[PDB]
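Input: a single structure, listed below in structure tokens.
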Amino acid sequence: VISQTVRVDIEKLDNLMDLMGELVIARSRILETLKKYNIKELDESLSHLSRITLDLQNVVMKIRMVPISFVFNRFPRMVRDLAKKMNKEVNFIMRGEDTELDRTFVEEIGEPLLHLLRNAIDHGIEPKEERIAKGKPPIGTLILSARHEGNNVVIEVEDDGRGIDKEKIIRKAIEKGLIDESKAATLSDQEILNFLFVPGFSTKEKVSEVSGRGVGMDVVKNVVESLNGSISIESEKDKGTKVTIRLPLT
Amino acid sequence: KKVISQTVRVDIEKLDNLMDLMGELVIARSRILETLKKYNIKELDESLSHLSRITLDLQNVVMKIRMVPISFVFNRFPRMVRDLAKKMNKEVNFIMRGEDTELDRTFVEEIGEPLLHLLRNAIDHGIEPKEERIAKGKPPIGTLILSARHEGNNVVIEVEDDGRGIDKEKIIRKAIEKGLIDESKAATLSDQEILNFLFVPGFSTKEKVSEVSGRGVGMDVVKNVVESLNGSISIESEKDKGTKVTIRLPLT
Ligand SMILES: Nc1ncnc2c1ncn2[C@@H]1O[C@H](COP(=O)(O)OP(=O)(O)CP(=O)(O)O)[C@@H](O)[C@H]1O
Ligand SMILES: Nc1ncnc2c1ncn2[C@@H]1O[C@H](COP(=O)(O)OP(=O)(O)O)[C@@H](O)[C@H]1O
């Protein structure tokens, strides 16, 4: 009878990934050197080596896999704290905590999600008294969801709050040389909302920028795109807002 | 700034797949050089040297992670002992030392039953009943000691009891009956040579040898398991002192 599986520490995985990278580099310089030769079974000897390195890396990536709980678990308290600090009442729900990602993806996607969450609590959800007056459920609900679907990983943040004012976006868009009135009426809903990812889409204020990349919504897309992922927004007045983030799953 | 997470853990099911692939990786290197012999191309060797450097460096730390302390088998022993000790009605004072000494995981589950066997031995044939024990002027309390430690590049596992010891003469005379040796040859035998008869496949038993199995319970298969890990096993037994079995396993 047997007792199972084993704990390691980062430094080893760190040391492992370093050599993995060096292995990739070395394999590439070999293929470049012998690229001039056209020998038949030399190709198969090289292709075999590549196949090994790939399958070797492919296993490493399966070790890299990590539950998104590492980040999600930090949230319910922060959402709780943010809610009362901003004088709001929110019912916060997490779904798909078990969904597993590459370790790199998880320790990147953390801050952008926290941002989107704060956005929902701050600008999204109306004060309780306003919700009751409009016929909406007294307490706003906030859903952070992560699912394995297709060959991608889909993370969604959804709220039933105010929603986003598209006209305010369009007017600001024209306010500083982006479009005019004519090419404004030709815009789909999503590409209107896509203005929010423009660097410093300004109703806010200038920022002096140190040590980082940026401050707000333009950074979310930046992080997502650094992971070769995708992002867009759905919203309409007095119904709610949903941000969808898709990440390539390997 | 980034966001912090924690430390991880993983299974061995694909951890052995690393070694398997990396063991298959060094093969892929040589196969290239060998196909570089047929057509004679030598200017690459600087790049193929790093591959050996990397694979080795890779091979080391890939296996350097799978070292786990020995308490993941040792801690299931003490009540696997006390229950069969009373099963044979004998008292055993079980003591484990060096439980925090570590070795490869793929070893510890294949070293498990052999260790259990040596323990089962020491209880049964090793430790004599208390009446016989107090009649032998020995302390009435039977003390069985399981031990593990670092020594050089090897891990030393020791199962030591204080029992009747092993009758070396019974071994010699049994060996003479089987025609392995005779009195002339037996007179020159060292204690190691004598005890090594216990590792002879059809020696220490009266029953199972010819057409029964390839798999049997005995000290013969215990040795095979040890050197299936490319290790070494040794026995030391003084008479009425006790029996001390030693297993040494490699590292790198
Ligand atoms: N869930 C949501 N519902 C309503 N409006 C939202 C929203 N998410 C963002 N917005 C709007 O988009 C504009 C910009 O968001 P951005 O993320 O760049 O701002 P911010 O960095 O100022 C967040 P904070 O309040 O956390 O400082 C907001 O100022 C708000 O008017
Ligand atoms: N710790 C020990 N003390 C005394 N005798 C032992 C010890 N271990 C093994 N022996 C002797 O070695 C013989 C072979 O044991 P083994 O090969 O394990 O199978 P079995 O225990 O079924 O005989 C036993 O008959 C026993 O007399």
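If you're wondering about the labels, chains in the structure tokens are A, B, ... by order shown, residues count from 1 in each chain, ligands from 1 in order shown.
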When the cut-off is 7 Å and we count only C-alpha atoms, which residues of chain B are near chain A, given as a list in words? residues 1, 2, 3, 4, 5, 7, 8, 9, 10, 11, 12, 14, 18, 21, 25, 28, 31, 32, 35, 47, 51, 54, 58, 61, 65, 72 and 109 of chain B
Write the residues of the selection above to a file with N, CA, C and O atoms, as a CSV table (one decimal), in the first residue's frame.
chain,number,residue,atom,x,y,z
B,1,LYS,N,3.5,46.2,-11.2
B,1,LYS,CA,3.9,45.1,-10.2
B,1,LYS,C,3.1,43.9,-10.4
B,1,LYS,O,2.0,43.9,-10.9
B,2,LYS,N,3.7,42.7,-10.1
B,2,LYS,CA,3.1,41.4,-10.3
B,2,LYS,C,2.1,41.1,-9.1
B,2,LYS,O,2.0,41.9,-8.2
B,3,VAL,N,1.4,40.0,-9.2
B,3,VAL,CA,0.7,39.5,-8.0
B,3,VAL,C,1.2,38.2,-7.6
B,3,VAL,O,1.3,37.2,-8.4
B,4,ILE,N,1.4,38.1,-6.3
B,4,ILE,CA,1.9,36.9,-5.6
B,4,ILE,C,0.8,35.8,-5.3
B,4,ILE,O,-0.4,36.1,-5.2
B,5,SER,N,1.3,34.5,-5.3
B,5,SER,CA,0.4,33.3,-5.2
B,5,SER,C,0.9,32.4,-4.1
B,5,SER,O,0.6,32.7,-2.9
B,7,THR,N,3.4,28.3,-3.2
B,7,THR,CA,4.2,27.2,-3.6
B,7,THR,C,3.3,26.0,-4.1
B,7,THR,O,2.2,25.9,-3.6
B,8,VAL,N,3.8,25.2,-5.0
B,8,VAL,CA,3.0,24.2,-5.7
B,8,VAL,C,3.3,22.8,-5.2
B,8,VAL,O,4.1,22.5,-4.4
B,9,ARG,N,2.6,21.8,-5.9
B,9,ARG,CA,2.8,20.4,-5.6
B,9,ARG,C,2.2,19.7,-6.9
B,9,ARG,O,1.4,20.2,-7.6
B,10,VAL,N,2.8,18.5,-7.1
B,10,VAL,CA,2.4,17.7,-8.3
B,10,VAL,C,2.6,16.2,-8.1
B,10,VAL,O,3.2,15.8,-7.2
B,11,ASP,N,2.0,15.4,-9.0
B,11,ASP,CA,2.0,14.0,-9.0
B,11,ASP,C,3.3,13.4,-9.6
B,11,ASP,O,4.1,14.2,-10.2
B,12,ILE,N,3.5,12.1,-9.4
B,12,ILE,CA,4.7,11.5,-9.9
B,12,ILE,C,4.4,10.8,-11.2
B,12,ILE,O,5.3,10.3,-11.9
B,14,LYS,N,3.4,12.0,-14.0
B,14,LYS,CA,4.1,12.6,-15.2
B,14,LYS,C,5.5,13.1,-14.7
B,14,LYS,O,6.2,13.6,-15.6
B,18,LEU,N,9.1,12.7,-17.1
B,18,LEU,CA,10.2,13.6,-17.3
B,18,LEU,C,11.5,12.7,-17.5
B,18,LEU,O,12.1,12.9,-18.6
B,21,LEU,N,11.4,10.8,-20.6
B,21,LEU,CA,11.6,11.6,-21.8
B,21,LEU,C,13.1,12.1,-21.9
B,21,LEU,O,13.6,12.2,-22.9
B,25,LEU,N,16.0,11.6,-24.2
B,25,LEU,CA,16.5,12.8,-24.7
B,25,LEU,C,18.0,12.7,-25.1
B,25,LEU,O,18.4,13.1,-26.2
B,28,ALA,N,18.5,10.8,-28.1
B,28,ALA,CA,18.2,11.5,-29.3
B,28,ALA,C,19.5,12.3,-29.8
B,28,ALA,O,19.7,12.6,-31.0
B,31,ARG,N,22.0,9.8,-31.4
B,31,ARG,CA,21.5,9.3,-32.6
B,31,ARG,C,21.8,10.3,-33.8
B,31,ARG,O,22.0,9.9,-34.9
B,32,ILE,N,21.9,11.6,-33.4
B,32,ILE,CA,22.2,12.6,-34.4
B,32,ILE,C,23.7,12.5,-34.7
B,32,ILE,O,24.0,12.5,-35.9
B,35,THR,N,24.4,9.7,-36.9
B,35,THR,CA,24.0,9.9,-38.3
B,35,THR,C,24.9,11.0,-38.9
B,35,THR,O,24.9,11.3,-40.1
B,47,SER,N,27.6,23.0,-30.2
B,47,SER,CA,26.1,23.1,-29.9
B,47,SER,C,25.6,21.8,-29.3
B,47,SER,O,24.7,21.9,-28.5
B,51,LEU,N,24.0,20.6,-25.2
B,51,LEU,CA,22.9,19.7,-25.1
B,51,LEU,C,23.1,18.7,-23.9
B,51,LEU,O,22.3,18.4,-23.1
B,54,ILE,N,23.2,20.6,-20.8
B,54,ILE,CA,21.8,21.0,-20.4
B,54,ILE,C,21.1,19.8,-19.8
B,54,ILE,O,20.5,19.8,-18.7
B,58,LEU,N,19.7,19.4,-16.5
B,58,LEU,CA,18.2,19.1,-16.4
B,58,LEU,C,17.9,17.9,-15.7
B,58,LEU,O,17.1,17.8,-14.8
B,61,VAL,N,18.3,18.2,-11.7
B,61,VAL,CA,17.3,19.0,-10.9
B,61,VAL,C,15.9,18.4,-11.1
B,61,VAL,O,15.0,18.6,-10.3
B,65,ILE,N,14.0,17.1,-7.4
B,65,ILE,CA,12.7,17.4,-6.8
B,65,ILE,C,12.0,16.3,-6.2
B,65,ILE,O,11.3,16.4,-5.2
B,72,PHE,N,7.2,8.9,4.8
B,72,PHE,CA,6.0,8.6,4.0
B,72,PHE,C,5.8,7.1,3.8
B,72,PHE,O,4.8,6.7,3.2
B,109,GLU,N,8.3,3.2,-2.4
B,109,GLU,CA,7.1,2.3,-2.4
B,109,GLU,C,7.6,0.9,-2.8
B,109,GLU,O,6.8,-0.1,-2.6
Near residue 181 of chain A, within 9 Å and counting only C-alpha atoms, which residues show up once chain neighbours fewer than 4 positions away are dropped, as a ChimeraX atom specification? /A:170-171,174,185
Write as a VMD selection string the residues around ligand 1, taking 10 Å as the cut-off and counting only C-alpha atoms and all ligand atoms. chain A and resid 112 114 to 126 142 157 to 165 168 to 169 193 195 to 205 214 to 220 233 to 238 240 to 243
Contacts of ligand 2, 6 Å or closer, only C-alpha atoms and all ligand atoms, given as JSON, numbers by chain: {"B": [121, 122, 125, 126, 165, 166, 204, 205, 218, 219, 243]}
Tell me, as a list in words, which residues lie within 12 Å of residue 104 of chain B, counting only C-alpha atoms; anything in the same chain fewer than 2 positions away does not count.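 My reading of the contact set: residues 6 of chain A; 12, 15, 16, 62, 63, 64, 65, 66, 67, 68, 69, 70, 72, 101, 102, 106, 107, 108, 109, 110, 111, 154, 155, 229, 249, 250, 251 and 252 of chain B.
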Shell around segment 127-137 of chain A at 8 Å using only C-alpha atoms, local window under 6 positions removed, as a list in words: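 Close residues of segment 127-137 of chain A: residues 87, 88 and 89 of chain A.
Atom CA of residue 236 of chain B sits 22.4 Å away from atom CA of residue 183 of chain B.
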Which parts of segment 38-135 of chain A does DSSP call strand (DSSP E) when run on the backbone here, written out as a list in words?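 DSSP-assigned strand (DSSP E) residues in segment 38-135 of chain A: residues 66, 67, 90, 91, 92, 93, 94, 95, 100 and 101 of chain A.
Atom to atom, atom CA of residue 76 of chain B and atom CA of residue 213 of chain B stand 29.0 Å apart.
Relative to atom CA of residue 93 of chain B, atom CA of residue 131 of chain B is found at 16.4 Å.
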Check the DSSP output for the backbone and give back, as a PyMOL selection string, the residues of segment 9-163 of chain A in helix (DSSP H, G or I). chain A and resi 10-36+40-64+69-72+75-85+103-124+128-134
Would you mind listing what lies within 12 Å of residue 148 of chain B as a ChimeraX atom specification, with only C-alpha atoms counted and same-chain residues fewer than 4 positions away left out? /B:69-71,73-74,95-103,108,115,154-160,245-249
Applying 7 Å and only C-alpha atoms, which residues near residue 242 of chain B remain after dropping the ones on its own chain fewer than 3 positions away? List them as a PyMOL selection string. chain B and resi 161-165+237-239
Just to be explicit: take each residue in the selection above, keep N, CA, C and O atoms, and write the result as a PDB file, in the first residue's frame.
ATOM      1  N   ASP B 161      17.571  -5.677  15.310  1.00  0.00           N
ATOM      2  CA  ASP B 161      16.929  -6.188  16.511  1.00  0.00           C
ATOM      3  C   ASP B 161      17.972  -6.784  17.444  1.00  0.00           C
ATOM      4  O   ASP B 161      19.142  -6.909  17.084  1.00  0.00           O
ATOM      5  N   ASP B 162      17.543  -7.143  18.646  1.00  0.00           N
ATOM      6  CA  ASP B 162      18.387  -7.900  19.559  1.00  0.00           C
ATOM      7  C   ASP B 162      17.700  -9.218  19.893  1.00  0.00           C
ATOM      8  O   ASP B 162      16.932  -9.310  20.850  1.00  0.00           O
ATOM      9  N   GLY B 163      17.971 -10.239  19.089  1.00  0.00           N
ATOM     10  CA  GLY B 163      17.304 -11.517  19.248  1.00  0.00           C
ATOM     11  C   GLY B 163      18.242 -12.684  19.482  1.00  0.00           C
ATOM     12  O   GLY B 163      19.296 -12.535  20.101  1.00  0.00           O
ATOM     13  N   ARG B 164      17.842 -13.853  18.989  1.00  0.00           N
ATOM     14  CA  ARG B 164      18.663 -15.053  19.081  1.00  0.00           C
ATOM     15  C   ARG B 164      19.852 -14.949  18.139  1.00  0.00           C
ATOM     16  O   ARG B 164      20.834 -15.679  18.274  1.00  0.00           O
ATOM     17  N   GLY B 165      19.752 -14.032  17.183  1.00  0.00           N
ATOM     18  CA  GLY B 165      20.714 -13.948  16.102  1.00  0.00           C
ATOM     19  C   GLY B 165      20.334 -14.949  15.031  1.00  0.00           C
ATOM     20  O   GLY B 165      19.237 -15.508  15.058  1.00  0.00           O
ATOM     21  N   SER B 237      24.996 -10.541  11.872  1.00  0.00           N
ATOM     22  CA  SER B 237      24.311 -11.149  13.004  1.00  0.00           C
ATOM     23  C   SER B 237      25.272 -11.876  13.935  1.00  0.00           C
ATOM     24  O   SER B 237      25.854 -12.895  13.567  1.00  0.00           O
ATOM     25  N   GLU B 238      25.443 -11.344  15.139  1.00  0.00           N
ATOM     26  CA  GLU B 238      26.131 -12.087  16.185  1.00  0.00           C
ATOM     27  C   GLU B 238      25.117 -12.971  16.895  1.00  0.00           C
ATOM     28  O   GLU B 238      23.916 -12.703  16.872  1.00  0.00           O
ATOM     29  N   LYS B 239      25.612 -14.021  17.536  1.00  0.00           N
ATOM     30  CA  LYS B 239      24.752 -15.035  18.119  1.00  0.00           C
ATOM     31  C   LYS B 239      24.257 -14.607  19.498  1.00  0.00           C
ATOM     32  O   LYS B 239      25.056 -14.297  20.383  1.00  0.00           O
TER      33      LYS B 239
END
